[PDB]
Amino acid sequence: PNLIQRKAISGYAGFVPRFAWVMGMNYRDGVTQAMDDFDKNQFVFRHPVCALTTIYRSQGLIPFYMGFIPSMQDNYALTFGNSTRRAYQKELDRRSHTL
Amino acid sequence: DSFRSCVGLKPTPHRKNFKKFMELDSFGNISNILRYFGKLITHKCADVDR
Amino acid sequence: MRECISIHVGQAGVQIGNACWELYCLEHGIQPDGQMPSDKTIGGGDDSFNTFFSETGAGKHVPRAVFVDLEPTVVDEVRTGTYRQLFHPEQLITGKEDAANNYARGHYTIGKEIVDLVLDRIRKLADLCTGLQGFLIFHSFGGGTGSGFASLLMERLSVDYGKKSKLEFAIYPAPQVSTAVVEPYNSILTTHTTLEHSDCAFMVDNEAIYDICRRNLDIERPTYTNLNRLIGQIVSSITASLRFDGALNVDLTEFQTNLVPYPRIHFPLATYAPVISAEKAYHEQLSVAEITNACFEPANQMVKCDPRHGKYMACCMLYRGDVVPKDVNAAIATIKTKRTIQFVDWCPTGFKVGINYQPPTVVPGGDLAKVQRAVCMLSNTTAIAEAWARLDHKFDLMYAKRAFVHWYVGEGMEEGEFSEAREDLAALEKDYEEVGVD
Amino acid sequence: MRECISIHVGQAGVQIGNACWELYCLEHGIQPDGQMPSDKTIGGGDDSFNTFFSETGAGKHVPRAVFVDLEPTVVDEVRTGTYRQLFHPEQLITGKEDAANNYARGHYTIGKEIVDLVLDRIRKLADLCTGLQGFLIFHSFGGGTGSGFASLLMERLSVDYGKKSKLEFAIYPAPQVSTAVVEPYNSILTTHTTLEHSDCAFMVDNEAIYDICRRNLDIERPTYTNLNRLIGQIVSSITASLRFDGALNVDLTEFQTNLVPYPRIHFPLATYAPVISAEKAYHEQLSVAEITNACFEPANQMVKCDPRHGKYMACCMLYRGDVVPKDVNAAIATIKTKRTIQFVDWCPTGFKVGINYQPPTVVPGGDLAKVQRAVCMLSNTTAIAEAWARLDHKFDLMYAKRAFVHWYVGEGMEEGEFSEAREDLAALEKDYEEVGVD
Ligand SMILES: Nc1nc2c(ncn2[C@@H]2O[C@H](COP(=O)(O)OP(=O)(O)OP(=O)(O)O)[C@@H](O)[C@H]2O)c(=O)[nH]1
Ligand SMILES: Nc1nc2c(ncn2[C@@H]2O[C@H](COP(=O)(O)OP(=O)(O)OP(=O)(O)O)[C@@H](O)[C@H]2O)c(=O)[nH]1
């Protein structure tokens with residue numbers, strides 16, 4: 001802090017920790033988030049002697065989608081909108097290995 | 001329609017809100033119409049039967 | 001009044017009868033049990049349902065239909081299904097032996113001893129009928145049974161009743177997809193036996209329905225749950241004018257008088273424009289202009305014939321839902337002025353418009369849409385003669401080699417009729433050619 | 001009424017389209033679901049959206065756009081974004097095969113069997129529309145596929161309609177950066193095919209965009225989110241005249257009729273002066289004089305052409321937000337008095353000024369700050385000849401060594417176009433100096 005820790009005065013000819021990793025946005029938010037990481041790792045190695053998927057939502061998906069989710073073709077005879085929406089729930093019951 | 005013309009220079013074709021129509025309309029065996037059953041009145045009611 | 005009699009001849013007719021009837025019961029609220037709870041639509045048996053039901057002294061809506069079949073399997077499955085209790089017990093006429101794809105098998109060996117029963121049933125329906133506009137008969141040309149039996153029934157009811165009406169709808173065999181090399185045989189036999197009694201027959205194609213189903217409805221593995229519900233929608237569309245009222249109405253007598261130009265030629269085509277699924281209806285737009293454009297799109301049809309290979313002489317618009325005459329006439333005028341369509345000079349106008357206010361209705365577990373504007377297309381053109389050239393050359397080689405003829409001679413067939421068939425077909429051919437000529 | 005149809009062909013056009021429609025929905029206040037809040041603006045398709053979105057009886061503002069893409073990956077991603085219920089399903093035309101950076105692979109082997117579908121879409125828009133002022137086509141030249149199929153669609157739309165404007169944006173090939181080496185080949189092919197059909201083709205460069213980014217956005221590591229956002233705000237500015245109102249007004253037809261001098265040469269450049277950040281706008285302040293000076297600062301334009309190495313001839317200034325005309329005309333007069341700038345004789349009047357009062361809008365969580373005054377600058381000057389000089393003394397070496405022509409000829413092409421393009425370009429540059437001289 002002193003003056004500001006959320007920001008370090010634009011055009012800061014000095015440097016900061018946490019240069020790599022989360023980066024590629026505007027400046028001030030990067031400053032905030034990076035110093036948040038700098039005290040996170042701080043207390044994490046402090047730890048003193050501890051030993052002491054929007055792709056699918058409610059009503060399925062648009063027509064002409066590619067990418068095999070389990071099944072379909074094995075089951076059929078329904079409107080593709082239905083088919084997708086009913087797979088949206090039976091992907092919880094029998095093909096429940098989808099997470 | 002007179003009010004439709006009471007908007008601007010050019011017309012525009014308003015219509016009934018379809019939302020109400022979906023959420024209130026008989027589909028399947030479920031009707032959505034209710035039915036009342038009463039007797040006509042005159043000074044002296046005669047065809048009270050119907 | 002305004003009431004009609006349905007005939008369902010054959011394996012195929014009786015099922016789509018079941019499906020369309022399952023439609024019919026909904027839009028008047030008739031339950032799978034056939035009785036409403038306390039509310040009242042009953043009366044002197046005389047109200048909107050009276051077109052197809054006659055709810056008699058037991059408060060049960062009775063179909064104005066008949067179902068005749070040879071193999072008892074499917075009549076059994078519908079006698080054990082969900083609607084046997086509503087279907088009238090002995091109307092559902094069953095046999096014990098098939099027709100074996102032979103026309104003369106249904107026309108000389110089996111159909112004789114059942115026609116008596118079926119005519120008795122239809123007369124004891126006709127007595128209780130009053131208006132009796134006509135008969136909606138469902139058969140199929142390549143019918144694995146029904147073709148021969150339908151020929152006999154149709155000709156006898158034509159000869160005994162020459163004043164009432166006859167309308168024929170039939171799934172037409174495909175240009176290239178085959179289920180029977182024998183299909184050309186009974187197709188040509190039925191044609192040369194029926195063209196002189198059928199008032200108007202209307203053909204559609206299963207492949208075409210399927211092609212629609214995976215272009216627009218987005219159905220990649222249909223069945224005819226789907227496609228029978230489609231055809232049921234079609235017939236409900238043509239009969240909505242009968243059922244309801246409105247600004248101005250249309251009738252089957254008008255169809256008879258105004259669709260067909262000449263004797264013999266009575267073969268139009270049928271289409272339904274706003275075939276559309278859930279999400280497309282939900283978040284897209286429909287109106288008279290674009291739906292008319294679509295219904296006149298050349299690939300929407302149920303039989304593969306190219307309109308640039310043809311020429312139009314008649315069209316019938318069935319506008320159901322919320323549509324209005326101004327945009328009706330504007331759309332049809334624009335269509336006229338458009339030059340892709342090439343109307344003959346016979347009819348300066350070529351259009352018959354019909355109106356009904358009541359919107360079409362959806363069905364549970366279905367594919368159709370909450371459509372407010374529907375339009376049924378019934379148009380007669382000249383593109384179809386290609387198909388009859390197709391059939392005759394699909395037939396000529398195979399007859400010249402005479403495959404399977406031993407079957408027919410064994411069951412009691414000769415070859416004069418087979419000879420006669422092709423010149424009947426060539427007659428229809430040159431007739432289409434000449435009427436096109438101008 | 002007052003509407004334009006959006007077309008995005010490609011890898012090169014998907015992300016910029018995503019950004020620009022996100023900004024559109026944000027600024028009109030559309031919820032990404034599609035409908036309005038309890039405010040009453042859903043109607044017969046006629047309010048501020050009547051220019052961009054087709055909000056129909058369904059109540060959903062439907063963009064009037066079509067994306068066509070050769071490689072289904074990115075289009076699947078865009079359908080798996082969030083605005084999928086907003087966008088129209090079959091307006092998202094996807095394929096299964098890339099054009100593989102080959103101009104002729106794109107234009108011949110795969111494209112032709114897709115133009116039928118894209119034409120069907122555009123005509124089913126052409127029927128509904130009434131104003132149809134023109135199109136917004138997005139593609140590139142350094143595109144693996146945005147080149148050839150784009151050329152073919154341009155050709156068909158030109159041949160069917162010559163009665164509407166044709167606006168083209170382009171991310172131009174980088175002068176000294178070349179991600180692809182097929183870039184010069186397919187780029188010059190696109191140019192020489194498109195010169196005789198394009199109304200207004202405009203360019204911008206990624207390198208200079210980044211240079212602005214780390215100059216005054218204070219972003220040494222920006223992204224596509226940022227680049228596409230900038231270009232989207234640019235096009236929003238050029239369409240602000242259509243959307244909102246103002247004191248004096250201009251239209252894209254005026255842009256064409258009043259910026260291009262002659263036949264052929266119709267490739268000007270663009271700029272947006274007030275590119276600054278939150279704290280910058282916070283404790284700094286913008287005004288008309290310095291926005292003019294900044295927008296004519298030699299570095300601020302997004303292509304590496306020095307104006308002092310060229311000569312101005314045309315300028316169109318679009319100011320948006322609050323402004324008085326006094327300072328506007330005074331500042332442009334002072335720039336007329338300026339001695340570093342260069343105007344050719346032909347254009348004593350060269351300033352098309354256009355005002356809209358509505359302030360430009362911000363995107364949440366983005367980089368750009370609040371804006372009180374903003375400007376889009378469209379200038380045409382002789383300077384850009386050096387870029388084509390570069391391109392020609394590049395392509396000449398590859399032709400001298402006949403490099404990579406084997407792919408094109410093996411998929412079936414001949415030297416004719418390869419030869420012709422060089423003197424097409426040469427005619428272009430020679431006209432450039434012919435008009436630059438006096
Ligand atoms: N209406 C209807 N048609 C069906 C059904 N299942 C298959 N089909 C159609 O029936 C048509 C063929 O009927 P046919 O093979 O001639 O049947 P049939 O001669 O009446 O007698 P069967 O031996 O029982 O088949 C085909 O075009 C199929 O599309 C069904 O359940 N109902
Ligand atoms: N237009 C555009 N170009 C970009 C963007 N990011 C990078 N580029 C450049 O644009 C070019 C894209 O060209 P292509 O890859 O040929 O695009 P395409 O021809 O439509 O098809 P693909 O090669 O399959 O992706 C790349 O060479 C990049 O140098 C961007 O967001 N938009």
# chains A, B, ... in the order shown; residues from 1 in each chain; ligands from 1
>>> residues_around(residues="segment 10-26 of chain B", least_positions_apart="3", cutoff="12 Å", atoms="only C-alpha atoms", output="PyMOL selection string")
(chain B and resi 1-7+29-34) or (chain C and resi 26-29+282+322+359+361-364+369-372) or (chain D and resi 1+41-47+50+56-59)
>>> write_last_selection(atoms="C-alpha atoms", output="mmCIF file, in the first residue's frame")
data_model
loop_
_atom_site.group_PDB
_atom_site.id
_atom_site.type_symbol
_atom_site.label_atom_id
_atom_site.label_comp_id
_atom_site.auth_asym_id
_atom_site.auth_seq_id
_atom_site.Cartn_x
_atom_site.Cartn_y
_atom_site.Cartn_z
ATOM 1 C CA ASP B 1 -56.323 -0.071 -36.141
ATOM 2 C CA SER B 2 -57.182 3.610 -35.776
ATOM 3 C CA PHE B 3 -54.759 3.645 -32.856
ATOM 4 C CA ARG B 4 -52.197 1.847 -35.030
ATOM 5 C CA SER B 5 -52.467 4.806 -37.366
ATOM 6 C CA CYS B 6 -52.237 7.054 -34.281
ATOM 7 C CA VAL B 7 -48.510 6.311 -34.022
ATOM 8 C CA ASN B 29 -56.609 -33.754 -22.933
ATOM 9 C CA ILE B 30 -56.299 -30.675 -20.698
ATOM 10 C CA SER B 31 -58.866 -28.108 -21.683
ATOM 11 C CA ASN B 32 -58.502 -24.455 -20.756
ATOM 12 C CA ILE B 33 -62.095 -23.299 -21.312
ATOM 13 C CA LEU B 34 -64.481 -22.963 -18.417
ATOM 14 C CA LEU C 26 -57.669 -34.183 -29.523
ATOM 15 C CA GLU C 27 -58.869 -31.057 -31.312
ATOM 16 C CA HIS C 28 -62.375 -31.739 -30.004
ATOM 17 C CA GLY C 29 -61.015 -32.966 -26.684
ATOM 18 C CA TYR C 282 -40.148 -20.442 -31.366
ATOM 19 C CA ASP C 322 -54.979 -15.812 -38.872
ATOM 20 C CA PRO C 359 -55.544 -22.265 -36.030
ATOM 21 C CA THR C 361 -53.409 -27.755 -33.322
ATOM 22 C CA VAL C 362 -50.350 -29.532 -31.905
ATOM 23 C CA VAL C 363 -50.206 -33.123 -30.636
ATOM 24 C CA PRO C 364 -48.411 -34.363 -27.487
ATOM 25 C CA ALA C 369 -45.200 -26.223 -34.279
ATOM 26 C CA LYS C 370 -47.464 -23.737 -32.534
ATOM 27 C CA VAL C 371 -48.212 -22.398 -35.988
ATOM 28 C CA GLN C 372 -50.724 -19.566 -36.327
ATOM 29 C CA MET D 1 -36.658 0.678 -44.742
ATOM 30 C CA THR D 41 -40.308 -1.978 -27.599
ATOM 31 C CA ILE D 42 -41.165 -5.404 -29.053
ATOM 32 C CA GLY D 43 -43.316 -4.819 -32.108
ATOM 33 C CA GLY D 44 -43.898 -5.356 -35.813
ATOM 34 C CA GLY D 45 -40.175 -5.233 -36.465
ATOM 35 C CA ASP D 46 -40.041 -1.418 -36.569
ATOM 36 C CA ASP D 47 -37.978 0.378 -33.955
ATOM 37 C CA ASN D 50 -35.485 -2.267 -37.566
ATOM 38 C CA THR D 56 -40.479 -10.555 -35.235
ATOM 39 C CA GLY D 57 -43.720 -11.794 -33.677
ATOM 40 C CA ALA D 58 -41.579 -14.153 -31.594
ATOM 41 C CA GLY D 59 -40.239 -11.134 -29.696
#
>>> interface_residues(of="chain A", to="chain D", cutoff="10 Å", atoms="only C-alpha atoms", output="list in words")
residues 10, 11, 23, 24, 25, 26, 27, 28, 53, 54, 55, 56, 57, 61, 62, 63, 64, 65, 66 and 67 of chain A
>>> calpha_fit_rmsd(fixed="chain D", moving="chain C")
0.7 Å
>>> residues_near_ligand(ligand="ligand 2", cutoff="8 Å", atoms="only C-alpha atoms and all ligand atoms", output="PyMOL selection string")
chain D and resi 9-16+69-71+98-101+139-147+170-171+173+178-180+183+206+224+227-228
>>> write_last_selection(atoms="N, CA and C atoms", output="tab-separated table (two decimals), in the first residue's frame")
chain	number	residue	atom	x	y	z
D	9	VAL	N	-17.61	-14.42	-44.05
D	9	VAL	CA	-17.03	-15.62	-44.64
D	9	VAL	C	-15.74	-15.96	-43.90
D	10	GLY	N	-15.86	-16.71	-42.81
D	10	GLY	CA	-14.54	-17.25	-42.54
D	10	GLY	C	-13.93	-17.26	-41.15
D	11	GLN	N	-12.90	-18.09	-41.02
D	11	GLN	CA	-11.86	-18.07	-40.01
D	11	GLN	C	-11.60	-16.64	-39.60
D	12	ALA	N	-11.46	-15.80	-40.63
D	12	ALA	CA	-10.98	-14.44	-40.47
D	12	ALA	C	-12.10	-13.52	-40.01
D	13	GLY	N	-13.34	-13.97	-40.11
D	13	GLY	CA	-14.47	-13.10	-39.82
D	13	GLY	C	-15.29	-13.48	-38.60
D	14	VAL	N	-15.07	-14.68	-38.06
D	14	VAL	CA	-15.89	-15.16	-36.96
D	14	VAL	C	-15.68	-14.35	-35.68
D	15	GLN	N	-14.44	-14.14	-35.25
D	15	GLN	CA	-14.26	-13.52	-33.94
D	15	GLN	C	-14.66	-12.05	-33.97
D	16	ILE	N	-14.36	-11.36	-35.08
D	16	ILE	CA	-14.74	-9.95	-35.17
D	16	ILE	C	-16.25	-9.82	-35.19
D	69	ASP	N	-18.69	-20.85	-43.08
D	69	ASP	CA	-17.37	-21.24	-42.63
D	69	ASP	C	-17.03	-22.62	-43.16
D	70	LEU	N	-15.77	-22.79	-43.57
D	70	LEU	CA	-15.30	-24.01	-44.21
D	70	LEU	C	-14.87	-25.08	-43.22
D	71	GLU	N	-14.48	-24.70	-42.00
D	71	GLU	CA	-13.91	-25.63	-41.04
D	71	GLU	C	-14.75	-25.59	-39.77
D	98	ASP	N	-11.56	-27.65	-45.43
D	98	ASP	CA	-10.91	-26.36	-45.56
D	98	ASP	C	-10.53	-26.10	-47.01
D	99	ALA	N	-10.38	-24.83	-47.34
D	99	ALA	CA	-9.84	-24.44	-48.64
D	99	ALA	C	-8.33	-24.52	-48.68
D	100	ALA	N	-7.69	-24.80	-47.54
D	100	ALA	CA	-6.26	-25.11	-47.48
D	100	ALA	C	-5.41	-24.02	-48.10
D	101	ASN	N	-5.73	-22.76	-47.81
D	101	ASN	CA	-4.91	-21.61	-48.17
D	101	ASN	C	-4.80	-21.41	-49.68
D	139	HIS	N	-14.15	-10.53	-44.42
D	139	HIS	CA	-13.21	-11.52	-44.93
D	139	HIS	C	-11.81	-10.98	-44.68
D	140	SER	N	-10.81	-11.60	-45.30
D	140	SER	CA	-9.45	-11.09	-45.27
D	140	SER	C	-8.78	-11.40	-46.60
D	141	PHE	N	-7.51	-10.99	-46.71
D	141	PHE	CA	-6.69	-11.41	-47.83
D	141	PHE	C	-5.65	-12.44	-47.42
D	142	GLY	N	-5.12	-12.33	-46.21
D	142	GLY	CA	-4.23	-13.34	-45.69
D	142	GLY	C	-5.02	-14.49	-45.10
D	143	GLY	N	-6.14	-14.82	-45.74
D	143	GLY	CA	-7.02	-15.86	-45.28
D	143	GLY	C	-6.81	-17.15	-46.04
D	144	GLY	N	-6.76	-18.26	-45.31
D	144	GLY	CA	-6.73	-19.55	-45.98
D	144	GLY	C	-7.97	-19.83	-46.79
D	145	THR	N	-9.14	-19.36	-46.33
D	145	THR	CA	-10.38	-19.56	-47.06
D	145	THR	C	-11.16	-18.29	-47.34
D	146	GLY	N	-10.96	-17.22	-46.57
D	146	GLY	CA	-11.70	-15.99	-46.80
D	146	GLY	C	-11.41	-15.32	-48.13
D	147	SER	N	-10.60	-15.96	-48.98
D	147	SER	CA	-10.24	-15.34	-50.24
D	147	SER	C	-11.16	-15.81	-51.38
D	170	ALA	N	-11.23	-5.23	-44.49
D	170	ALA	CA	-10.20	-6.25	-44.60
D	170	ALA	C	-9.12	-6.01	-43.56
D	171	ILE	N	-8.75	-7.08	-42.87
D	171	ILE	CA	-7.45	-7.12	-42.21
D	171	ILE	C	-6.41	-7.41	-43.29
D	173	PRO	N	-2.91	-7.97	-45.41
D	173	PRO	CA	-1.66	-8.66	-45.13
D	173	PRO	C	-0.67	-7.72	-44.47
D	178	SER	N	4.57	-12.25	-42.54
D	178	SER	CA	3.82	-13.14	-43.42
D	178	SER	C	3.71	-14.50	-42.72
D	179	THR	N	2.58	-14.73	-42.06
D	179	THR	CA	2.34	-16.03	-41.44
D	179	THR	C	2.29	-17.14	-42.48
D	180	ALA	N	1.70	-16.87	-43.64
D	180	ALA	CA	1.65	-17.82	-44.74
D	180	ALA	C	2.50	-17.32	-45.90
D	183	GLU	N	0.31	-16.47	-48.98
D	183	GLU	CA	-0.31	-15.16	-48.81
D	183	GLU	C	-0.18	-14.26	-50.03
D	206	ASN	N	-2.90	-5.45	-38.38
D	206	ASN	CA	-2.77	-5.94	-37.01
D	206	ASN	C	-1.54	-5.36	-36.32
D	224	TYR	N	-6.57	-10.61	-29.29
D	224	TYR	CA	-7.83	-10.59	-30.03
D	224	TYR	C	-9.07	-10.02	-29.37
D	227	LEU	N	-8.40	-6.55	-30.05
D	227	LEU	CA	-8.34	-6.14	-31.46
D	227	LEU	C	-9.72	-6.13	-32.09
D	228	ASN	N	-10.41	-7.27	-31.98
D	228	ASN	CA	-11.76	-7.39	-32.49
D	228	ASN	C	-12.68	-6.36	-31.85
>>> select_by_dssp(residues="segment 141-324 of chain C", states="strand (DSSP E)", output="PyMOL selection string")
chain C and resi 165-171+201-204+269-272+314-321
>>> interface_residues(of="chain C", to="chain D", cutoff="9 Å", atoms="only C-alpha atoms", output="MDAnalysis selection string")
chainID C and resid 279:286 289:290
>>> select_by_dssp(residues="chain B", states="alpha helix (DSSP H)", output="NGL selection string")
:B and (2-5 or 18-23)
>>> atom_distance(atom1="atom CA of residue 287 of chain D", atom2="atom CA of residue 323 of chain D")
9.0 Å
>>> decode(residues="segment 251-267 of chain D", atoms="N, CA, C and O atoms", output="short mmCIF file (atom, residue, chain, number, x, y, z; two decimals), in the first residue's frame")
data_model
loop_
_atom_site.label_atom_id
_atom_site.label_comp_id
_atom_site.auth_asym_id
_atom_site.auth_seq_id
_atom_site.Cartn_x
_atom_site.Cartn_y
_atom_site.Cartn_z
N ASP D 251 -24.92 9.00 -45.52
CA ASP D 251 -25.18 7.57 -45.64
C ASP D 251 -24.04 6.92 -46.42
O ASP D 251 -23.24 7.60 -47.06
N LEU D 252 -23.95 5.59 -46.32
CA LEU D 252 -22.92 4.84 -47.02
C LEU D 252 -22.94 5.08 -48.53
O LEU D 252 -21.88 5.07 -49.18
N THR D 253 -24.13 5.29 -49.11
CA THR D 253 -24.18 5.66 -50.51
C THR D 253 -23.47 6.99 -50.73
O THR D 253 -22.74 7.15 -51.72
N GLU D 254 -23.64 7.93 -49.81
CA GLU D 254 -22.88 9.18 -49.87
C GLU D 254 -21.39 8.91 -49.71
O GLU D 254 -20.57 9.56 -50.37
N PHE D 255 -21.02 7.97 -48.84
CA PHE D 255 -19.61 7.62 -48.70
C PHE D 255 -19.01 7.25 -50.05
O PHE D 255 -18.00 7.82 -50.48
N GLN D 256 -19.66 6.32 -50.75
CA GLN D 256 -19.16 5.91 -52.05
C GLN D 256 -19.17 7.07 -53.03
O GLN D 256 -18.15 7.37 -53.67
N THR D 257 -20.30 7.75 -53.16
CA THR D 257 -20.43 8.80 -54.16
C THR D 257 -19.53 10.00 -53.89
O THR D 257 -19.33 10.81 -54.80
N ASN D 258 -18.97 10.13 -52.69
CA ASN D 258 -18.23 11.32 -52.33
C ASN D 258 -16.81 11.07 -51.84
O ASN D 258 -16.14 12.03 -51.43
N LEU D 259 -16.32 9.83 -51.85
CA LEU D 259 -14.93 9.60 -51.48
C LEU D 259 -14.07 9.08 -52.62
O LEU D 259 -12.93 9.53 -52.78
N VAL D 260 -14.57 8.15 -53.41
CA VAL D 260 -13.76 7.61 -54.51
C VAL D 260 -13.67 8.65 -55.63
O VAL D 260 -14.68 9.27 -55.98
N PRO D 261 -12.49 8.95 -56.13
CA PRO D 261 -12.39 9.91 -57.24
C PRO D 261 -12.88 9.39 -58.58
O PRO D 261 -13.75 9.99 -59.22
N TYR D 262 -12.33 8.26 -59.00
CA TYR D 262 -12.41 7.78 -60.37
C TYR D 262 -12.94 6.36 -60.36
O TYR D 262 -13.26 5.81 -59.30
N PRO D 263 -13.07 5.74 -61.52
CA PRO D 263 -13.07 4.27 -61.56
C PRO D 263 -11.82 3.67 -60.90
O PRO D 263 -10.87 4.38 -60.58
N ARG D 264 -11.84 2.35 -60.71
CA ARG D 264 -10.78 1.60 -60.04
C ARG D 264 -10.55 2.04 -58.59
O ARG D 264 -11.05 1.40 -57.67
N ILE D 265 -9.80 3.12 -58.38
CA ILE D 265 -9.21 3.38 -57.07
C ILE D 265 -10.27 3.65 -56.01
O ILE D 265 -10.82 4.75 -55.93
N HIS D 266 -10.56 2.66 -55.17
CA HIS D 266 -11.52 2.82 -54.09
C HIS D 266 -11.05 2.11 -52.82
O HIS D 266 -11.80 1.38 -52.18
N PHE D 267 -9.78 2.31 -52.44
CA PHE D 267 -9.22 1.70 -51.24
C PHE D 267 -8.63 2.76 -50.31
O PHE D 267 -7.42 2.99 -50.31
#
